[PDB]
S.K.: 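Here's a structure for you.
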Amino acid sequence: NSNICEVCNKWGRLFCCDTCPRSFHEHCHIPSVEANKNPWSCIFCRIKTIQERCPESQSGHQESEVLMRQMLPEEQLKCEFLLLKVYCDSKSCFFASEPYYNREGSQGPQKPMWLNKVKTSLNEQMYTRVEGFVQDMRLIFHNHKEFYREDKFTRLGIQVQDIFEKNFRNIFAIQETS
Ligand SMILES: [Zn+2]
Ligand SMILES: [Zn+2]
Ligand SMILES: [Zn+2]
């Protein structure tokens with residue numbers, strides 16, 4: 001197995017996947033690495049199994065259909081994986097914890113949002129449809145763009161939203177378009 005966390009790229013107290021060479025900090029994996037379970041398979045491996053069991057699941061889908069899906073176990077897992085893919089980028093640090101807003105010429109957002117809040121909401125089964133998770137994720141970046149205005153720091157929101165959207169299209173097999 002790897003000797004660094006797949007998510008944050010640091011060593012430490014690492015749990016190793018039994019079916020692939022990846023490794024994880026306990027709270028870097030989503031869901032948090034399970035207490036017992038021998039063998040243990042990571043979220044990457046669990047996602048690959050869903051695909052392998054239903055090869056047709058990779059055919060193109062419309063985003064509007066995907067958003068309306070109820071959060072049954074497979075969709076829960078897909079949203080956990082998509083969240084984890086965002087944490088895998090180091091620029092997610094800016095969006096992880098609760099923000100505050102005190103900048104001359106700007107007013108904070110009406111509905112603040114951050115990655116650790118989405119993580120808690122998934123763990124608590126607070127989303128009933130994919131749409132609830134996707135709307136909170138996109139709100140993170142939209143709040144950032146609106147608040148930072150013409151500051152070049154706005155670009156961080158565009159960057160991490162692009163990681164989110166590429167992974168969304170991949171994980172939920174969104175129909176490719178020009
Ligand atoms: Zn880690
Ligand atoms: Zn694995
Ligand atoms: Zn099938």
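Residue numbers run from 1 in the order of the sequence given. When a ligand or atom number is given, it counts from 1 through the structure's own listing order. When reading the values below, keep in mind they use all heavy atoms of this one structure, side chains included, and skip hydrogens, waters and symmetry mates.
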S.K.: Would you say the side-chain atoms of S41 and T19 include a donor-acceptor pair closer than 3.5 Å?
M.R.: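 Yes, because at least one side-chain N or O of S41 sits under 3.5 Å from a partner of the opposite role on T19.
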S.K.: Can you tell me which N/O/S atom of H25 has the shortest distance to the Zn ion (ligand 1)?
M.R.: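 Minimum-distance N/O/S atom of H25 relative to the Zn ion (ligand 1) is ND1.
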S.K.: Within less than 2.8 Å, report the number of protein N/O/S atoms around the Zn ion (ligand 3).
M.R.: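 N, O or S atoms of the protein closer than 2.8 Å: 2.
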S.K.: I'd like to know whether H29 forms a ring pair (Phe, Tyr, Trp, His ring centres under 6.0 Å) with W40, so could you lay out the CA-CA distance, the side-chain angles of the two residues, the decisive distance to 0.1 Å, and finally the verdict.
M.R.: CA-CA 12 Å; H29 196 270; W40 180 74; 5.0 Å; yes
S.K.: Does the gap between the ring centers of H144 and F153 come in under 6.0 Å?
M.R.: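 That pair passes the under 6.0 Å test.
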S.K.: Short check: any N/O/S atom of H27 below 2.8 Å from the Zn ion (ligand 1)?
M.R.: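 Given the 2.8 Å cut-off, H27 does not count as a ligand of the Zn ion (ligand 1).
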S.K.: Provide the closest heavy-atom pair for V118 versus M113 in the form atom of the first, atom of the second, distance.
M.R.: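 Smallest heavy-atom distance, with atoms named: CG2-SD, 3.9 Å.
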S.K.: If you draw a sphere of radius 2.8 Å around the Zn ion (ligand 2), how many protein N/O/S atoms end up strictly inside it?
M.R.: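 Count of protein N, O, S atoms less than 2.8 Å from the Zn ion (ligand 2): 4.
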S.K.: Centre of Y87's six-membered ring, under 6.0 Å away, within 45 degrees of the axis: is that where NZ or CZ of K119 sits?
M.R.: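 That pair qualifies as a cation-pi contact.
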S.K.: Relative to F24, does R22 satisfy both conditions: NZ or CZ under 6.0 angstrom from the six-membered ring centre, and within 45 degrees of the ring's axis?
M.R.: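 So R22 doesn't make the cation-pi contact.
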S.K.: Report yes if the distance between the aromatic ring centroids of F172 and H61 is under 6.0 Å, otherwise no.
M.R.: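 When the ring centroids of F172 and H61 are compared, they turn out to be at least 6.0 Å apart.
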S.K.: Are a donor atom and an acceptor atom from the side chains of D136 and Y127 found within less than 3.5 Å of each other?
M.R.: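 A donor-acceptor contact under 3.5 Å links the two side chains.
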S.K.: Looking at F81, is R46 sitting on its ring face, NZ or CZ under 6.0 Å from the six-membered ring centre and within 45 degrees of the normal?
M.R.: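 No, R46 does not sit over the ring of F81.
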S.K.: Would you give the length of the straight line joining atom NZ of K166 to atom CD1 of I171, rounded to the nearest 0.5 angstrom?
M.R.: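 One gets 13.5 Å once the value is rounded to the nearest 0.5 Å.
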